[PDB]
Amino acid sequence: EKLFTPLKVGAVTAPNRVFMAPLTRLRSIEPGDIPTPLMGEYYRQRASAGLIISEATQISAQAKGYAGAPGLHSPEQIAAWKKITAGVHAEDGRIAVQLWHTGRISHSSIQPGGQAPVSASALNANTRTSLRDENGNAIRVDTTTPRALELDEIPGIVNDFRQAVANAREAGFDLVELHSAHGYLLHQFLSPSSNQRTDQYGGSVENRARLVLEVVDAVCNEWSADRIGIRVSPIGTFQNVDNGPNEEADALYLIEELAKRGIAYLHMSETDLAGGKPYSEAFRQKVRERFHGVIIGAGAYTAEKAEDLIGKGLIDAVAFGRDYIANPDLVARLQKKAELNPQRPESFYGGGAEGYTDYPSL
């Protein structure tokens, strides 16, 4: 078994390769999109993870697409996250913040000024996001048609990611994970399906990857390359965003570019909850020979699959999502071959302590 051996992940050393995937739980305070002590307790309970990757967190107010998702742009958010990371560190854990802009997976009612959300192009996501009703409960609502960003708005987006990374470093996070997956803003630019621009940010794969690479360069300069990870979902379809007609070649282009920056890790989200075709071993080999940081695999993994791929030299770590919702001590359970707590999906999104901090350890 290799799952319980250490791994250098850029600037930090994980004691095991069982990571907690980023999980939106929609329990932040509104107004202000403020993280809470309850959230702090949830993360503290999971501090034995080799690395905790936080729920997706807004880089700016404009970034918001879900009611109850936290930000990392305001003083009050910074102050609240400081307490949370301190708690994780007091339990000898490590925590990365996943930073997003939701782009078109959003709703005008939660945007600044009540305006349409922004994207690469003015194309509706044709999916739903999660808002809150008058009683504060999560509700699924159709996404608002976005406004295409003007060319002169692009530098501001890059700066928002940079600023959020400055704030993250101050807030005590050990690493940052850029959310370049799942049909959110960075992926909206990457994918031909959502990007019909005819300027330097659309068309060719070079142009489609331009924004994400500008963001990577800006955040490496703000902090250090060994503090930066990125999550991609570059094969298949996620929330109606496919990866275009040349998905493998386009993915390898992006990955070779990322490798040049010497970033800490590449986190590949391989499938959504409905599943689909597995990654080919040939594709995994092509990724591995191009990227010289840590590779994290995710998407309906088992410990046995993680061991197999780690043993084959193709990935370095695995991120578990739903098993981490339900098992604060997932590391110990996998080490001991113990049963896993029964998941309660009705309390994944919104609410309070129930279905959040009440799953027991062994």
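Residues carry their position along the shown sequence, with the first being 1. Think of the rigid core as the biggest set of C-alphas that the two forms share within 1.5 Å after superposition.
A.B. asks: Name the stretch, 275 to 283 or 170 to 178, whose C-alpha atoms sit farther from the shown form on average in 7 other deposited structures of this protein, taking the rigid core as the superposition reference.
C.D. replies: If we average over structures and residues in 7 other deposited structures of this protein, the farther stretch is 275 to 283.
A.B. asks: Which of the two stretches, 266 to 274 or 161 to 169, moves more in 7 other deposited structures of this protein when the core is held fixed, judged by C-alpha RMS distance?
C.D. replies: The answer is 266 to 274, which departs more from the shown form in 7 other deposited structures of this protein.
A.B. asks: With respect to the recorded C-alpha B factors, which stretch has the higher mean value, 273 to 281 or 106 to 114?
C.D. replies: Mean CA B-factor is higher for 273 to 281.
A.B. asks: Where do the C-alpha atoms have the higher mean temperature factor in this entry, in 221 to 229 or in 242 to 250?
C.D. replies: Looking at the recorded C-alpha B-factors, 242 to 250 comes out higher on average.
A.B. asks: Reading the B-factor column of the entry, which of 340, 11, 23, 18 has the highest value at its C-alpha atom?
C.D. replies: Top of the list by C-alpha B-factor: 11.
A.B. asks: Out of 180, 124, 85, 74, which residue has the highest Cα temperature factor in the PDB record?
C.D. replies: Highest C-alpha B-factor among the listed options: 124.
A.B. asks: Lowest, middle or highest third of the chain for the C-alpha temperature factor of residue 79?
C.D. replies: It belongs to the lowest third of the chain when residues are ordered by C-alpha B-factor.
A.B. asks: Would you check the entry's CA temperature factor for residue 30 and let me know if it's in the chain's lowest, middle or highest third?
C.D. replies: Middle third, going by the recorded CA B-factors of the chain.
A.B. asks: Split the chain's modelled residues into thirds by Cα B-factor; is residue 292 in the lowest, middle or highest one?
C.D. replies: Within its chain, residue 292 is a highest-third residue by C-alpha B-factor, going by the deposited values.
A.B. asks: Taking the entry's C-alpha B-factors for this chain, is residue 185 in the lowest, middle or highest third?
C.D. replies: It belongs to the middle third of the chain when residues are ordered by C-alpha B-factor.
A.B. asks: Test of reading the entry: by CA B factor among the chain's modelled residues, which third contains residue 313?
C.D. replies: Residue 313: CA B-factor falls in the highest third of its chain.
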